[PDB]
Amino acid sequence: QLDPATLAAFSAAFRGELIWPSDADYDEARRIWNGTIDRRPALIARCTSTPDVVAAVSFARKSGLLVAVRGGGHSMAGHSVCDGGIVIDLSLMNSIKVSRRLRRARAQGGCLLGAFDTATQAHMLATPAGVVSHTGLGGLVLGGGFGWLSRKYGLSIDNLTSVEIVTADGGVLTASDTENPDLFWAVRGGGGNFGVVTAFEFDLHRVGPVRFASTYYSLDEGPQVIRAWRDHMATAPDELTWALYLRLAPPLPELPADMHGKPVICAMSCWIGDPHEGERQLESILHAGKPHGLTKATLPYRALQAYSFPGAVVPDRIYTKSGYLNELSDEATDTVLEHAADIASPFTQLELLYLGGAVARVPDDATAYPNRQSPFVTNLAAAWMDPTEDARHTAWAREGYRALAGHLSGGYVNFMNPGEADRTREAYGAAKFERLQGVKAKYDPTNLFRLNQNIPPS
């Protein structure tokens, strides 16, 4: 129940669409990518500009409504929808202004990655972001943001030069290395904790065609593939990215039918640089086991960004457990292969990522993103369809995580699940967490933005 005058003032200041529980489109509007999260907002405000966001933030503050902010809706924790509060939905704010001469993109806070990459690639430009096109730029960048271009050019945040942000008090600020730098530090890895980012400004790089390969190895040859991967990446040049996704093999014609539906290592690699050198480099990493279902291509960067993942199936229900490794021992490798053999759903992946490169050359304290010096990420990313099977898939991720817990430290805030609010301090570490709490005390002292990997003020 909402104060009529406060609601009147909000409606008159707001140029976008309000979606109420009685509206026919409410049920589709409140769904987020993680289908396990079924929540009923009091109101969904589809913002269309920075002043719309200002109006929505101030209305939420005045009315005491719990604030969810939604970019692309990919929160693995379900943060972009709430029960009984307001969803400040940015998905209609999808514009990107690209300067070819100045190598700059200014993107609104509701953009999807593929809209961004299309816009920068119209000029043969790019900057790092995630590997699945329909992820939101907003939440991805605010947690750090990594993908194919990160070993060469760093995290998304390592290319961010300024933001426009709406703070809890309704104010509009610019944050950069010269203006509100304290806030600028915090938004580079501190999530949505400090306000709603309505525009991100990035430096861009010239990224022409990319030599790429995807292939599948039997688990029989798994130990030698994973060992080759971990040994090779420790000294690989920044231009090579090579990631392992343990999963059931998808039923695609490049793979023999006898492999369909059985656990495999899906290895995907690319070279950011001359494609002739790329071909030599990829061939040098393709043969530690017999590559089944090999696809090799020289792709526009926009097509590399649109490629993941083989099978092109959007799962309905997901649960993730993730952490970093400083090293991948033989023991940890055996544990990964054992648990991969038990994967049940054709949409689950046990992901082994290697960052390092340019990400690790940024000084630890230059941004709020923790664990630059840990190059391995493991993500037990369970994903499935049947709502009656939740427990079995959730248990796979939980027990695989616990089996690896002696090797895992930290945690990427953007891979946290709905039950992982407790992991925030360990993910950031004591020093970063304390600094973040100080910025929170300055810019969000009432903790208006708490549907995120939350940093309470003080």
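Heads up: residue numbers just count along the shown sequence, starting at 1. By rigid core we mean the largest C-alpha set that fits within 1.5 Å across both forms.
Take 307 to 315 and 191 to 199, fit the other structures onto the shown form by the rigid core, and average the C-alpha distances in 5 other deposited structures of this protein: the farther stretch is 307 to 315. Stretches 325 to 333 and 98 to 106 differ in mean C-alpha B factor, with the higher average recorded for 325 to 333. Of the two segments examined, 230 to 238 and 136 to 144, it is 230 to 238 that shows the higher average Cα temperature factor in the deposited entry. Between the residues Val69, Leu65, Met416, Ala395, it is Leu65 that shows the highest Cα B-factor in the PDB record. Each of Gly191, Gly171, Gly356, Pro128 has a CA temperature factor in the record; the biggest one is found at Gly171. When the CA B factors of the chain's modelled residues are split into thirds, the value for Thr424 lands in the middle one. Annotation for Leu255: C-alpha temperature factor in the middle third relative to the rest of the modelled chain, per the entry.
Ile86: CA B factor in the middle third of modelled residues in this chain (values from the PDB entry).
Sorting the modelled residues of the chain by their CA temperature factor places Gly222 in the highest third. Annotation for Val207: CA B-factor lies in the middle third of the chain's modelled residues.
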